[PDB]
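Below, in structure tokens: the form deposited in one PDB entry, a single chain.
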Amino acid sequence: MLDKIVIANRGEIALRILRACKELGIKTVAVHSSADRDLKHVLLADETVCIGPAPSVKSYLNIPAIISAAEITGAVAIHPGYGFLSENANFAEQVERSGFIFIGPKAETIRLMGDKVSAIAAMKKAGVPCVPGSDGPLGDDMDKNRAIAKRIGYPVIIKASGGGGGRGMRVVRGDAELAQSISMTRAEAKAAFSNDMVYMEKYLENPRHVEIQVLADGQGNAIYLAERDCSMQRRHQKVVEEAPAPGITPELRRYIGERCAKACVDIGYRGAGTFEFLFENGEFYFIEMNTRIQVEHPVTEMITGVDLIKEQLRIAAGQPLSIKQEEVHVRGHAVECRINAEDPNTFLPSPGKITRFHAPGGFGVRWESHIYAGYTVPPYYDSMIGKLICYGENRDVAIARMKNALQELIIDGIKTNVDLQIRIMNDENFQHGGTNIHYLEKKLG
């Protein structure tokens, strides 16, 4: 097992990885900004290093500082969690080059799946269902591009090859708007990503968001740990997630899971990963791979028994997968509510000090958060401050548990989405199950 790792993150996931390390006897190093000295996991870590000032760009995105910190402390591995540097191929490359274990995929793999055009092609080659699309970048020839649109069928959606998740992409319904939209999406991507490559895909009107969890060693073994539904979302941001996805049959699960597992073998995937699919009319369509742990991992954990973070550390230590596919069983149901520090009336992030905190408890209730009474939420980072996960023998039990658990939660001194969460749990369509990626905004206005 790894002697000592650096937790290249903050917030709830940093604490999450800390417990995992602790349970395994692994020494922890907390690298933090100057504004994050009072994080729970930083106060718990065996060792702390300040890697720079408050802004993420000079701290948590500061590669040289992170590696110096891993160097000074005598660490052997670096867990990047999610966001920040987790999908930065050059970070992963430099870690390995510096001689550390990178807790995640090889640099090439991140690069392959971090370019949506190259990602979709590797998925197509491995036999992963994708959205009908241009099967390459778009040219400057507008006769071609109007015919590609015809070949697939409007509506189509111009997307950025560098971007993703609503970032630099727009819907086109006729020929007249295609001319303007392509060159606009080209420039928008040239803005934040320094990549002007764009492609075309069929625009699905009303899809659900179903994604598959995978684990893989570096060594020709790969498994899938069922799926999650994450359709309930706001401006392309997940607000609620659940496992398994309502309506998905054991036949379909086996089908898509086997393909995802196979894809891991074809691309040489290592560590945890998720294949994100839009799900419509009984069909799946790949849209991007997150080559990293996800925020919503705990739902999969509850229903499968698998400590995903601990498997990540085991795979990193070079241990082959101890768990065979036929050992992984879906049992019960889990829902996760993202707890955000935000104005319920404006959705603007609401930082500040927490004057009274009370977490929910009881059978089936899992609370993942770094927050405590007296803790100050800084304005510099993501608004998500906690994750509440409720498991039960079935979906209705899990939902009823979430309802009661959200009414026990107290976070005073800052504004929270808690009461939106309460309102989403009570939604009569969410209770039937299977609402699509537009549902939440339709319910709101």
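Throughout, rigid core stands for the largest set of C-alpha atoms superposing within 1.5 Å between the two forms. Throughout, we count residues from 1 along the sequence that is shown.
Just so you know, the form solved in complex with a small molecule exists too; it's not on screen, but the next bit is about it.
Asks: When the small molecule is placed as it is in the entry with it bound, which of 304 to 312, 260 to 268, 321 to 329, 290 to 298 ends up with heavy atoms within 4.5 Å of it?
Replies: It is the stretch 290 to 298.
Asks: Although the small molecule is absent from this view, report whether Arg338 comes within 4.5 Å of it in the entry with it bound, heavy atoms only.
Replies: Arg338: yes, in contact with the small molecule in the entry with it bound.
Asks: At 4.5 Å between heavy atoms, is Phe84 in contact with the small molecule in the entry with it bound?
Replies: Contact with the small molecule, yes.
Asks: So, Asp382 and the small molecule: in the entry with it bound, are they within 4.5 Å at any heavy atom pair?
Replies: Although the small molecule is absent here, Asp382 would touch it in the entry with it bound, with heavy atoms inside 4.5 Å.
Asks: Does the small molecule get within 4.5 angstroms of any non-hydrogen atom of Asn90 in the entry with it bound?
Replies: No.
Asks: Heavy atom within 4.5 Å of the small molecule in the entry with it bound: which of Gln237, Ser118, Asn195, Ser98 fits that? Just give me the one.
Replies: None of the other options qualify; the answer is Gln237.
Asks: Which one of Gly247, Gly165, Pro351, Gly305 is the only residue whose C-alpha moves by 2 Å or more between the shown form and the other one, after superposing on the core?
Replies: Among the listed residues, the outlier is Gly165.
Asks: Checking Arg270 here: with the core superposed, does its CA move 2 Å or more between the shown form and the other one?
Replies: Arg270: C-alpha displaced by less than 2 Å between the shown form and the other one.
Asks: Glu188: with the rigid core matched between the shown form and the other one, does its Cα shift 2 Å or more?
Replies: After core superposition, the C-alpha of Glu188 moves 2 Å or more between the shown form and the other one.
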